[PDB]
Structures are given as structure tokens and as C-alpha cells.
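Engineer: the data below comprise the sequence and an experimental structure of the protein.
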Amino acid sequence: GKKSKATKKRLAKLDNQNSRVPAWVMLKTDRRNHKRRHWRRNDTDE
Amino acid sequence: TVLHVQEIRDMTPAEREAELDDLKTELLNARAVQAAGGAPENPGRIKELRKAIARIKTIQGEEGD
Amino acid sequence: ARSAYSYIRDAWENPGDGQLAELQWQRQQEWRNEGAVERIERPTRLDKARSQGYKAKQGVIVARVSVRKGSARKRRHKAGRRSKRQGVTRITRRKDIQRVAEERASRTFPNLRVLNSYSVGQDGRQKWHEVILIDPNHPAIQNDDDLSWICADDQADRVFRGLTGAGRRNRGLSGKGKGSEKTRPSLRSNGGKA
Amino acid sequence: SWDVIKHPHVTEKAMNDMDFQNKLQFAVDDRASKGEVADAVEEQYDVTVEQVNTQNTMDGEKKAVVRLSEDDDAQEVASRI
Amino acid sequence: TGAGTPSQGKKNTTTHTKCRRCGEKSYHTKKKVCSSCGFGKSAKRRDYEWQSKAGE
RNA sequence: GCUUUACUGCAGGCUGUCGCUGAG
RNA sequence: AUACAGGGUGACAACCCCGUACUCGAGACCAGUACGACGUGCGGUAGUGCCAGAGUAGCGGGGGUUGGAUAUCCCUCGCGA
RNA sequence: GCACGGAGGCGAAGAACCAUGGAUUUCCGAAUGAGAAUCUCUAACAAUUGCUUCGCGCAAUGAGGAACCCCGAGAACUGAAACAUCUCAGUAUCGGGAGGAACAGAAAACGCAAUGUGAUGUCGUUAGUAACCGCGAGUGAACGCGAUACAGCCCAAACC
Ligand SMILES: [Cl-]
Ligand SMILES: [Cl-]
Ligand SMILES: [K+]
Ligand SMILES: [Mg+2]
Ligand SMILES: [Mg+2]
Ligand SMILES: [Mg+2]
Ligand SMILES: [Mg+2]
Ligand SMILES: [Mg+2]
Ligand SMILES: [Mg+2]
Ligand SMILES: [Mg+2]
Ligand SMILES: [Mg+2]
Ligand SMILES: [Mg+2]
Ligand code: NA
Ligand code: NA
Ligand code: NA
Ligand code: NA
Ligand code: NA
Ligand code: NA
Ligand code: NA
Ligand code: NA
Ligand code: NA
Ligand code: NA
Ligand code: NA
Ligand code: NA
Ligand code: NA
């Protein structure tokens, strides 16, 4: 299925949010990404 | 920091624009050293350049250009 | 002696007799081809108009409004409804045709607010009423002592809140005495029992 | 006011095109047309622009492939920054 | 042919997409009207008094 | 839910009359 | 101690710290209101049938509503001072 | 910033922080040049109005807001130990709209009938009284008094 310039951006953001919390924030907070979206298991919008 | 307020005002309409285009270029050669995995950074400065450009534009509008 | 106005006012006491009747039979013909909301340049009933608030000023507008004659164009109940609520033909609205006219008009002229209204005839399948509107954003009226108040924010979209003269008459707020128990100060604060 | 050139795209592939083809890859604002990309490049690095190829990245940004005329040298331009 | 498992296979038509106005995936691209905010049908945000209890 | 010469209704059709509606 | 309300502080704190009473200041609301001032001119007699809001007052039919009974309020049809 | 890492930077040119006023303030959005699932195509108050130098020139409306408010549209389960009037109830829900509050309001009033009271809300009471009702279930005021807060005005016409 073809996409629009817009959708293509949304998908991209949706993929960036899908990265893990930096190992450094770990140490700064002295101690989990609750929005980890797998491609197969989960479904985005649209 | 390396660029204060009074000083921005003492300049002429043409100097702000000249300095703005000077910093814009340094900020641009900054993002290139970073996008290149570069290490000779000085983190405080790349931040400053942004705030400086704000100060300059902020004054440009304040003086009537 | 009698003013010129008093003639027009008298003529209209029996619109079926004399010259006015000969007039109605004419205009009405031209009135039936005209749209619902038509802006006319001058009041048909100059007297009544003036006596309602009319003035030959900038920002004072008049207009005729034609509405279908009849009873509740109520659709029949589709689900289960007991014998009493099974009406469609007979039951009529609780809002008189004149008031319906005022609204169709105020809408047509968004920015304007409604001063008053009055009847100007009716045939076998429609009734006409003229409407006096005012432009509360025009300095003429903002400066005119006699109309100034209509600019007040709390006067905006007044015809829709029933704040007209024809409105209060419909709401049963004429007599300050007997009968007005269930209408003053408002229908909603009386549980809608009038 | 939005800036056309965001920054130089430096990757193994970008180098290839640069070495053997004299091409400079960039990161540019997504509203910037090929033509616009052209100008801002000639103006920022003082060169002659031949052709520009654009592409909207799966990184929310647009990617400009710009080729410098047979007179200018890519490798030399990208090194002074 | 069951309406179940077997008829789930044809379901590959797109309908409700990301509404430009409210930001929900309720913009029916075949009707071009949002099921949530009502964008495309009303200039006024769709809102009903039954989205909550009566005395609330 | 359905039915009918179950009770009470309602659209709807037919009909008189009122207005629209005037001239000999 | 006009301050023994409450909190903090390595355990139960008036006197360790924040504050608390006393006094003081600033905004907002009251309100462009009260008062004041400026202009305008209140009132009274005799005479004069010159003026005072119409599909209105009101009547009848059909619906509705009300505690409103004949004696609630509204709508519609027709007649109408 | 939360958020206590690492690198670095800022602050006596008085930073941070706070208060007030100002600047900037992408795209969709009443969304308004036109089209569109947040982007696109070649100058814009789109649409409806008002004033009008009749030129979008000057203006107005649109949409949001916890609930309150105002005018319209208006259920049924249920109660009546069934059930049709009645009840639930002018409730729920729907349509349109205003403000910081709304609405009402200076008597063609009241009618403790009087030599009397004197705009309108609201609170207390009158009172579950009068009145209504397969007179069944049930529904149910007012004048008045006691309080709160008080405030009074303008056209139309005669005559110019
Ligand atoms: Cl109005
Ligand atoms: Cl009394
Ligand atoms: K029932
Ligand atoms: Mg391409
Ligand atoms: Mg009843
Ligand atoms: Mg648009
Ligand atoms: Mg039942
Ligand atoms: Mg029962
Ligand atoms: Mg009230
Ligand atoms: Mg019984
Ligand atoms: Mg009742
Ligand atoms: Mg009474
Ligand atoms: Na999936
Ligand atoms: Na209006
Ligand atoms: Na009633
Ligand atoms: Na990047
Ligand atoms: Na059944
Ligand atoms: Na009648
Ligand atoms: Na802002
Ligand atoms: Na406008
Ligand atoms: Na114009
Ligand atoms: Na029962
Ligand atoms: Na039963
Ligand atoms: Na007494
Ligand atoms: Na009964």
C-alpha cells in the first residue's frame, strides 16, 4: 500500500519512540519504556 | 556568555545581521562536527550559539530592525 | 389632530376591507414569488414599525419573512408509544409562527440583533411578518440613546433566548398577576409547566 | 525563518558517492525543493551545482544528494568543516 | 463459510484513519467524517451528554 | 414476535363543512 | 510567649530550622460603584371630546399544559372591539 | 525541569528562582483562496451580513468552556401491586443560544374587601393548606407575613 509524505513522518516518529530508554538515564534516576511497540505483535494507528 | 546584551545594542542594524550570519555559520559548522561523530565538541557552546541568535533576533525586533 | 400614521394604523384594523384589501390581493401575488427572507427598504406598517422602535437611521433594517401555514409537522413515533403520545396531525408547537419568523431572520442577518416584529398579512398557505433588526456594531446606534442598549453583550442572540417582545408574550409573561405563577421568572426555573 | 541545510550527512555510503562520484549528501528541511537545495548549497560552499536528488527519509527528514560540477572537488569541500 | 475465523481473512480494507482535527484514528476515509470528534460533519466538536452518567 | 370480527388508539382513504376565495 | 497552630530535623522539640502572634506592605474584587461637581429644569390652576401600542382585547372549534376547579398558561383554525 | 550519569557550560557584567509586561510562537484545527486522514495547488475575511468613498474599504458572525442559565424538541422502563387517563416527567436524551452570572422587573398588580399593600428575584412560612385526580395511585400553588437586596426609568403620538 502507498503512503503520503505525512504518514511517512508519523510512521517515523512511531519508530523513534520505539527505542529504549538510554543506559545513562538509568544512572541519573538511580533507577522501563512503557510504550514498546513490536511490529508483528502490536498495531499502530491508520 | 561570550556575547552580552549592551553590546548587541551598541551595534548598527548592519552589524547584527553581519554577526547573526557569522554565528549561524559557526552553529552550522558545529552540527556538522557532531553529525560526523566528532569528539572535539564543547557542549556549552553549541547551546550558547542558539541562545545568542535568540538574543540578536530579539534585539533586531526591539530596535525596529 | 390625527397624524398621517393614525391612518395607516386604522386601515390595518380590517385588512380585508377597502383599499388595503385591494392592496393585499396585489402585493401578496408578488410576495409569493419572493424568497423566505427578503430585505425591504421601508416598513409596510410605518406606524406599528415606529411604535415598535423603528427609525429612519443607519443600522436599522427591516425585512419580510414567509412561513408555511399549519400544525405540527411532527413525525409519527417509531418505537413503542402509549395512545396519548401517539399524535402527529393535531398537536401543535409551543412556539408561535411569529417567533419562528424572527429567528429565520436573525439567522439570515447574523451580526444584526432583533428589535421587534409584526404581522403583515396571510393567505391560505402562509403568513407574513416584517422584522426590525439593528446593527449593534454601528456608531449611529451605539450613540443613539433610544436604541443604545441593544449593543450590550447580554443582548446578543436575544431572539433565540426568547428575549423578544413576541417572545415574552409566548412565554406567558404578560400579566404580572394570576396565571403567571408557573412562568415568572422563567419557564425552566418553573419546571416547564406553562 | 526555516533553514534549508540542516547538516552534512556523513556515512559509509555518503563517502563512496563523494570519493568516486564527487557527490555531497545532506540533511535538509522537508519543504525545501531540489531547486532550493541547489541554491543554498552553491551559496554556503561556493561551488557550481550540477544535479540534486531528493528523498524523504524514514527519519522524518529529507535527504539531498548534490553533485558538484567537474570543476570543484567534493572531498576537499567536506574536509574543511 | 463461517462468519468467524474464515471471514476474518478478507478484512484488509481501510476505514478509520487518523483524524486531522481531534487526532484519533476515527476518520472514516470512505465517508471523510470522524466518529469521535465529528470533524467533517459538524463544525462543532461532537459531544453527547451520555458519554457520562446523568447526574454528571 | 406474530394474529384477529380482543380493548383503546394512530396514520392513511373516502366525505360534509371553514378559510384561502373573486365577478353575474 | 500579643508567638504552646502546623511542618522539618538520624526517636516524643515553644526556645535546632521553617513558620506561628504583633505590626506592615502589594495585587485583585467591591467599583468607574458610593460621595462630590456640571448642565438640564421639579411642581401647581382654569380651559381644551388635540394624543395614548389591533388581527390585539374578546368569542367560538380542536389540541396541550397547569393545582387552576367554568376560575392556569401556550398553540392552531375561524370570527372579531 | 522531573532525572541523583558522563562530558561540558553558565553565574559578582548579580545567574537560578519568582512577579509583572513584552518578543518569538512550525502544521491541523471555527479554519476562512482552493483541495487533503496534520499535507498540497495558483493571491484570498471562505460563507452570511451590516456601513458603504459600492473597493472586502470599515466592520460583524462562526468555535471552545466543569457546571450553572435562557428558548425550543421531548421518552420508557417504573408506580398504580394487571392496565389505557394518571404516574415516572416536562425527568432522561436531542436542537439553538447568552453571561460571569443568567432570566425576571417598575402593575390594564394584589382583592388578609380595605380609610388597606405597592417593580422582580431568592430564603423562611403560609402548606401538603386551597385546587386537580380510573376522586385510585398519587400531583399540588397564590395573596400574606417574616427576611435578604432595593431603584428607577425611556420611547410611540399629540405640539414643533
Ligand atoms: Cl437576536
Ligand atoms: Cl399587604
Ligand atoms: K404509560
Ligand atoms: Mg523522489
Ligand atoms: Mg396533566
Ligand atoms: Mg483550508
Ligand atoms: Mg409498561
Ligand atoms: Mg406497573
Ligand atoms: Mg431565575
Ligand atoms: Mg385504582
Ligand atoms: Mg406534573
Ligand atoms: Mg393571591
Ligand atoms: Na500489525
Ligand atoms: Na443575530
Ligand atoms: Na400550562
Ligand atoms: Na538527524
Ligand atoms: Na419474539
Ligand atoms: Na382558540
Ligand atoms: Na507562547
Ligand atoms: Na470577519
Ligand atoms: Na466589499
Ligand atoms: Na405494578
Ligand atoms: Na404485564
Ligand atoms: Na396579616
Ligand atoms: Na386522572
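Structural biologist: Thanks, I have it. Residues are numbered from 1 along each chain as shown, chains lettered A, B, ... in the order given. Ligands and ions are numbered 1, 2, ... in the order given.

Engineer: so where's the longest helix in chain A?
Structural biologist: As assigned by DSSP state H, the longest helix anywhere in chain A is helix A:7-16.

Engineer: quick one: the next helix or strand after that one near RNA strand H?
Structural biologist: Helices and strands here follow DSSP states H and E; after helix A:7-16, the next one along the chain is helix A:23-29. Yes: using Cβ under 7 Å from any atom of the strand, helix A:23-29 reaches RNA strand H at A:24-25, A:27-29. (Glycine included, C-beta is placed from N, CA and C.)

Engineer: quick check: which element contains the residue of chain D found nearest RNA strand H?
Structural biologist: In chain D, no residue comes nearer to RNA strand H than residue D:31, which is 5.7 Å away by Cβ to the nearest atom of the strand. Taking DSSP H and E as the definition, one finds residue D:31 inside no helix or strand.

Engineer: restrict the helix or strand encompassing residue C:24 to CA atoms and write it as CSV.
Structural biologist: For residue C:24, the host element (DSSP H and E) is helix C:18-31. Written as CSV, here are the backbone C-alpha positions of helix C:18-31 (Å, rounded to 0.1, in the frame of the first residue of the first chain):
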residue,chain,number,x,y,z
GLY,C,18,-61.3,48.9,1.4
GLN,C,19,-58.0,49.9,-0.3
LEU,C,20,-55.8,47.8,1.9
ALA,C,21,-57.6,44.7,0.8
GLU,C,22,-57.2,45.7,-2.8
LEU,C,23,-53.5,46.2,-1.9
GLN,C,24,-53.1,42.9,-0.1
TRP,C,25,-54.6,41.0,-3.1
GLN,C,26,-52.0,42.6,-5.3
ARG,C,27,-48.7,42.5,-3.3
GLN,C,28,-49.3,39.0,-2.0
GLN,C,29,-49.1,37.8,-5.6
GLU,C,30,-45.6,39.4,-5.8
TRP,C,31,-44.9,38.2,-2.2
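
Engineer: show me what counts as buried in the very next helix or strand once past it.
Structural biologist: Using DSSP H and E, the helix or strand that follows helix C:18-31 towards the C-terminus is strand C:37-40. Under the neighbour-count criterion of 16 or more other Cβ atoms under 10 Å in any protein chain shown, strand C:37-40 has residue C:37 buried.

Engineer: parallel or antiparallel, which strands does strand C:37-40 pair with?
Structural biologist: As defined by DSSP bridges, the strand partners of strand C:37-40 come to strand C:60-68 (antiparallel).

Engineer: distance from the helix holding residue C:24 to the middle of the chain?
Structural biologist: How far helix C:18-31 lies from its chain's middle: 21 Å, per Cα atoms, centre = their mean, to the nearest Å.

Engineer: who are the packing partners of it?
Structural biologist: Contact partners of helix C:18-31 among helices and strands, from 3 or more Cβ pairs under 8 Å, 6 or more residues apart in numbering or on different chains; DSSP states H and E: helix C:5-11, strand C:113-122.

Engineer: wait, does the last one contact ligand 1?
Structural biologist: What that stands for is strand C:113-122. Yes: counting by Cβ under 5 Å from the ion, contacts between strand C:113-122 and ligand 1 involve C:113-114.

Engineer: CA atoms only for that strand, dumped as PDB, please.
Structural biologist: Taking Å, rounded to 0.1, in the frame of the first residue of the first chain, the C-alpha atoms of strand C:113-122 are listed here in PDB:
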ATOM      1  CA  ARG C 113     -30.000  41.700  16.600                       C
ATOM      2  CA  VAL C 114     -33.700  41.700  16.700                       C
ATOM      3  CA  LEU C 115     -35.600  44.700  18.000                       C
ATOM      4  CA  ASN C 116     -39.200  43.600  17.300                       C
ATOM      5  CA  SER C 117     -41.700  42.200  14.700                       C
ATOM      6  CA  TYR C 118     -45.200  42.400  13.400                       C
ATOM      7  CA  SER C 119     -47.800  40.800  11.100                       C
ATOM      8  CA  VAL C 120     -48.300  41.900   7.500                       C
ATOM      9  CA  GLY C 121     -51.000  39.500   6.200                       C
ATOM     10  CA  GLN C 122     -51.500  35.900   5.500                       C
END
